[PDB]
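Text of the file data-v1.txt, holding compact mmCIF, N, CA and C atoms and all ligand atoms:
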```txt
# COMPACT_ATOMS: atom_id res chain seq x y z
N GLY A 1 0.81 -1.21 0.00
CA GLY A 1 0.00 0.00 0.00
C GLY A 1 0.84 1.26 0.00
N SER A 2 0.74 2.04 -1.07
CA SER A 2 1.50 3.28 -1.19
C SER A 2 0.57 4.48 -1.26
N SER A 3 0.50 5.24 -0.17
CA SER A 3 -0.35 6.41 -0.10
C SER A 3 0.45 7.69 -0.35
N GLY A 4 1.62 7.77 0.29
CA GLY A 4 2.47 8.93 0.13
C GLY A 4 2.29 9.94 1.24
N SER A 5 3.34 10.70 1.53
CA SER A 5 3.29 11.70 2.59
C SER A 5 4.36 12.78 2.36
N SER A 6 4.22 13.89 3.08
CA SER A 6 5.17 14.99 2.96
C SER A 6 5.09 15.91 4.18
N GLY A 7 5.96 16.91 4.21
CA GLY A 7 5.97 17.85 5.32
C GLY A 7 6.68 19.14 4.99
N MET A 8 7.21 19.81 6.01
CA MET A 8 7.91 21.07 5.81
C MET A 8 9.13 21.16 6.73
N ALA A 9 10.05 22.06 6.40
CA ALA A 9 11.26 22.25 7.19
C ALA A 9 11.30 23.64 7.81
N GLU A 10 10.68 23.78 8.98
CA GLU A 10 10.64 25.06 9.68
C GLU A 10 11.23 24.94 11.08
N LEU A 11 12.50 25.32 11.22
CA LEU A 11 13.18 25.26 12.50
C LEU A 11 14.37 26.21 12.54
N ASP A 12 14.45 27.01 13.60
CA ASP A 12 15.53 27.97 13.75
C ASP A 12 16.82 27.27 14.18
N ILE A 13 17.87 27.44 13.39
CA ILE A 13 19.16 26.82 13.69
C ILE A 13 19.76 27.39 14.97
N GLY A 14 19.58 28.70 15.16
CA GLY A 14 20.11 29.35 16.35
C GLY A 14 21.63 29.26 16.43
N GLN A 15 22.28 30.41 16.39
CA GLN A 15 23.74 30.46 16.46
C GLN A 15 24.20 31.26 17.67
N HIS A 16 25.41 30.98 18.14
CA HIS A 16 25.97 31.67 19.29
C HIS A 16 27.42 32.08 19.03
N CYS A 17 27.93 32.97 19.87
CA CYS A 17 29.30 33.45 19.73
C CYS A 17 30.30 32.41 20.23
N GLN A 18 31.04 31.82 19.30
CA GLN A 18 32.03 30.81 19.65
C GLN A 18 32.84 31.23 20.87
N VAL A 19 33.15 32.52 20.95
CA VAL A 19 33.92 33.05 22.07
C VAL A 19 33.32 32.62 23.40
N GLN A 20 34.18 32.25 24.34
CA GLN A 20 33.74 31.82 25.66
C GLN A 20 33.55 33.01 26.59
N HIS A 21 34.66 33.57 27.06
CA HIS A 21 34.61 34.72 27.96
C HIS A 21 33.45 35.65 27.60
N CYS A 22 33.13 35.71 26.32
CA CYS A 22 32.04 36.55 25.84
C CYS A 22 30.77 36.32 26.66
N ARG A 23 30.15 35.16 26.46
CA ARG A 23 28.93 34.82 27.17
C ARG A 23 27.83 35.85 26.91
N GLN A 24 27.72 36.27 25.65
CA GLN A 24 26.71 37.25 25.26
C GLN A 24 25.36 36.58 25.04
N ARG A 25 24.35 37.39 24.72
CA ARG A 25 23.01 36.88 24.48
C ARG A 25 22.12 37.95 23.84
N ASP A 26 21.35 37.55 22.84
CA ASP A 26 20.46 38.47 22.14
C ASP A 26 21.26 39.45 21.28
N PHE A 27 22.27 38.93 20.60
CA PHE A 27 23.11 39.76 19.74
C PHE A 27 22.87 39.43 18.27
N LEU A 28 23.43 40.25 17.38
CA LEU A 28 23.28 40.05 15.95
C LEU A 28 24.32 39.06 15.42
N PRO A 29 23.87 38.11 14.60
CA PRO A 29 24.75 37.09 14.01
C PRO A 29 25.70 37.68 12.97
N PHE A 30 26.99 37.45 13.17
CA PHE A 30 28.01 37.96 12.25
C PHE A 30 29.13 36.94 12.06
N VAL A 31 29.21 36.38 10.86
CA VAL A 31 30.24 35.39 10.55
C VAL A 31 31.61 36.05 10.40
N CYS A 32 32.57 35.59 11.18
CA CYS A 32 33.92 36.13 11.14
C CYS A 32 34.58 35.84 9.79
N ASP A 33 35.14 36.87 9.18
CA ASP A 33 35.80 36.72 7.89
C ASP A 33 37.21 36.15 8.06
N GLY A 34 37.33 35.15 8.92
CA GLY A 34 38.62 34.53 9.16
C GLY A 34 38.50 33.06 9.50
N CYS A 35 37.96 32.76 10.68
CA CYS A 35 37.80 31.38 11.12
C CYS A 35 36.37 30.90 10.87
N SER A 36 35.62 31.66 10.08
CA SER A 36 34.24 31.31 9.76
C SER A 36 33.44 31.07 11.03
N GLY A 37 33.62 31.95 12.02
CA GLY A 37 32.90 31.82 13.27
C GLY A 37 31.90 32.93 13.49
N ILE A 38 30.65 32.56 13.75
CA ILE A 38 29.59 33.54 13.98
C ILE A 38 29.71 34.16 15.36
N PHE A 39 30.25 35.37 15.41
CA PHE A 39 30.42 36.08 16.68
C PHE A 39 29.51 37.30 16.74
N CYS A 40 29.36 37.85 17.94
CA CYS A 40 28.51 39.02 18.15
C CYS A 40 29.09 40.24 17.43
N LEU A 41 28.38 41.37 17.53
CA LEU A 41 28.83 42.60 16.90
C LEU A 41 30.11 43.12 17.54
N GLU A 42 30.21 42.95 18.86
CA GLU A 42 31.39 43.39 19.59
C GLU A 42 32.59 42.49 19.30
N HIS A 43 32.31 41.25 18.91
CA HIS A 43 33.37 40.30 18.60
C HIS A 43 33.33 39.91 17.12
N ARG A 44 32.65 40.72 16.32
CA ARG A 44 32.54 40.47 14.89
C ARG A 44 33.88 40.65 14.20
N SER A 45 34.64 41.64 14.65
CA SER A 45 35.95 41.92 14.07
C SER A 45 36.96 40.83 14.44
N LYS A 46 38.05 40.77 13.69
CA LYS A 46 39.09 39.78 13.94
C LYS A 46 39.88 40.12 15.20
N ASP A 47 40.51 41.29 15.19
CA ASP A 47 41.29 41.74 16.34
C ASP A 47 40.50 41.60 17.63
N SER A 48 39.21 41.91 17.56
CA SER A 48 38.34 41.83 18.73
C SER A 48 38.54 40.51 19.46
N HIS A 49 38.80 39.45 18.70
CA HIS A 49 39.02 38.13 19.28
C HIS A 49 40.35 37.55 18.83
N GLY A 50 41.29 38.43 18.48
CA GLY A 50 42.60 37.98 18.04
C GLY A 50 42.52 36.78 17.12
N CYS A 51 41.59 36.82 16.18
CA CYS A 51 41.41 35.72 15.24
C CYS A 51 42.75 35.05 14.92
N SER A 52 42.74 33.73 14.84
CA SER A 52 43.95 32.97 14.54
C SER A 52 44.44 33.26 13.13
N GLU A 53 43.51 33.63 12.25
CA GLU A 53 43.85 33.93 10.87
C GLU A 53 44.67 32.80 10.24
N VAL A 54 44.20 31.57 10.42
CA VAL A 54 44.88 30.41 9.88
C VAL A 54 44.23 29.93 8.59
N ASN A 55 42.98 30.34 8.38
CA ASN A 55 42.24 29.95 7.18
C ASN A 55 42.86 30.57 5.94
N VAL A 56 43.24 31.84 6.04
CA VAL A 56 43.85 32.54 4.92
C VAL A 56 45.38 32.47 4.99
N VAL A 57 45.95 31.51 4.27
CA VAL A 57 47.40 31.34 4.25
C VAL A 57 48.11 32.67 4.05
N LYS A 58 49.21 32.86 4.77
CA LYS A 58 49.98 34.10 4.67
C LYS A 58 50.19 34.49 3.21
N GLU A 59 50.53 35.75 2.99
CA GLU A 59 50.75 36.26 1.64
C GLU A 59 51.44 35.20 0.77
N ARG A 60 50.68 34.62 -0.15
CA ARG A 60 51.21 33.59 -1.04
C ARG A 60 50.89 33.91 -2.49
N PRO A 61 51.76 33.46 -3.41
CA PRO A 61 51.59 33.69 -4.85
C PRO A 61 50.42 32.89 -5.42
N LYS A 62 49.49 33.59 -6.07
CA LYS A 62 48.33 32.95 -6.67
C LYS A 62 48.50 32.81 -8.17
N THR A 63 47.49 32.25 -8.83
CA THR A 63 47.53 32.05 -10.27
C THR A 63 47.07 33.31 -11.01
N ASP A 64 47.39 33.39 -12.29
CA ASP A 64 47.01 34.54 -13.11
C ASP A 64 45.49 34.62 -13.25
N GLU A 65 44.89 35.58 -12.55
CA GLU A 65 43.45 35.76 -12.59
C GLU A 65 43.09 37.08 -13.28
N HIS A 66 41.80 37.28 -13.51
CA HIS A 66 41.32 38.50 -14.16
C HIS A 66 40.34 39.25 -13.26
N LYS A 67 40.20 40.55 -13.51
CA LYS A 67 39.30 41.38 -12.72
C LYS A 67 38.72 42.51 -13.57
N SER A 68 37.81 43.28 -12.98
CA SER A 68 37.18 44.39 -13.69
C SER A 68 36.78 45.49 -12.71
N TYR A 69 37.18 46.72 -13.02
CA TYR A 69 36.87 47.87 -12.18
C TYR A 69 37.05 49.18 -12.94
N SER A 70 36.36 50.22 -12.49
CA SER A 70 36.44 51.52 -13.13
C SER A 70 35.89 52.61 -12.22
N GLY A 71 36.26 53.86 -12.50
CA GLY A 71 35.79 54.97 -11.70
C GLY A 71 34.47 55.53 -12.18
N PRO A 72 33.75 56.22 -11.29
CA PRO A 72 32.45 56.82 -11.61
C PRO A 72 32.57 58.00 -12.57
N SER A 73 33.48 58.92 -12.24
CA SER A 73 33.69 60.10 -13.07
C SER A 73 34.86 60.93 -12.55
N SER A 74 35.17 62.01 -13.25
CA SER A 74 36.27 62.89 -12.86
C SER A 74 35.83 64.35 -12.88
N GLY A 75 36.60 65.20 -12.20
CA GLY A 75 36.28 66.62 -12.16
C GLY A 75 36.50 67.30 -13.49
ZN ZN B 1 30.80 37.57 21.46
ZN ZN B 2 37.96 34.66 13.48
```

Take the structure in this file and express it as structure tokens.
Amino acid sequence: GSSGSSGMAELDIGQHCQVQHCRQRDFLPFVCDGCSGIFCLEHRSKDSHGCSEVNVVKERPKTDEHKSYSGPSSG
């Protein structure tokens, strides 16, 4: 007997500031641009938590890439 069924996915993941000493609550979610850690606004910055900065390998030579940019106007 095959009737079939379905549902929905409604659930808050809820994130917290990886930082310990912090112990904050009711803050805005901000993913650190270093260790990919969601920290509060006060700990959103790297220096704020002395980010290890291990994800982004030190200044290293990359491959030949392309880009695009230009100015709005001149006086
Ligand atoms: Zn925090
Ligand atoms: Zn970090």

Do a neighbour search on residue A:39 at 6.5 Å with all atoms listed in the file, toss out local chain neighbours closer than 3 positions, and write the hits as a VMD selection string. chain A and resid 16 to 19 28 to 32 42 to 44

For the structure I just gave you, how does DSSP split chain A - specifically, which residues are strand (DSSP E)? Reply as a PyMOL selection string. chain A and resi 30-31+38-39

What gap, in Å, lies between atom CA of residue A:46 and atom CA of residue A:59? 17.3 Å

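Compared by their closest atoms to ligand ZN 1 (chain B), and using only N, CA and C atoms and all ligand atoms, the residues A:36, A:68, A:45, A:24 rank with A:24 nearest.
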
For ligand ZN 2 (chain B), which of A:37, A:75, A:62, A:54 is the closest residue, counting only C-alpha atoms and all ligand atoms?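 Among A:37, A:75, A:62, A:54, it is A:37 that comes nearest to ligand ZN 2 (chain B).
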
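Between atom CA of residue A:27 and atom C of residue A:13 the separation is 13.7 Å.
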
Would you compute the distance between atom ZN of ligand ZN 2 (chain B) and atom CA of residue A:53? Give it in Å to one decimal.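 Separation of atom ZN of ligand ZN 2 (chain B) and atom CA of residue A:53: 6.5 Å.
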
Within-5 Å residues of ligand ZN 2 (chain B), basis all atoms listed in the file, as a count of residues only: 4

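With all atoms listed in the file as the atoms that count, the minimum distance from ligand ZN 1 (chain B) to the choices A:40, A:69, A:57, A:48 is reached by A:40.
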
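Counting all atoms listed in the file, the residue from A:63, A:70, A:55, A:20 that sits nearest to ligand ZN 1 (chain B) is A:20.
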
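Using only N, CA and C atoms and all ligand atoms, the shortest contact distance between ligand ZN 1 (chain B) and any of A:5, A:41, A:50, A:14 is found at A:41.
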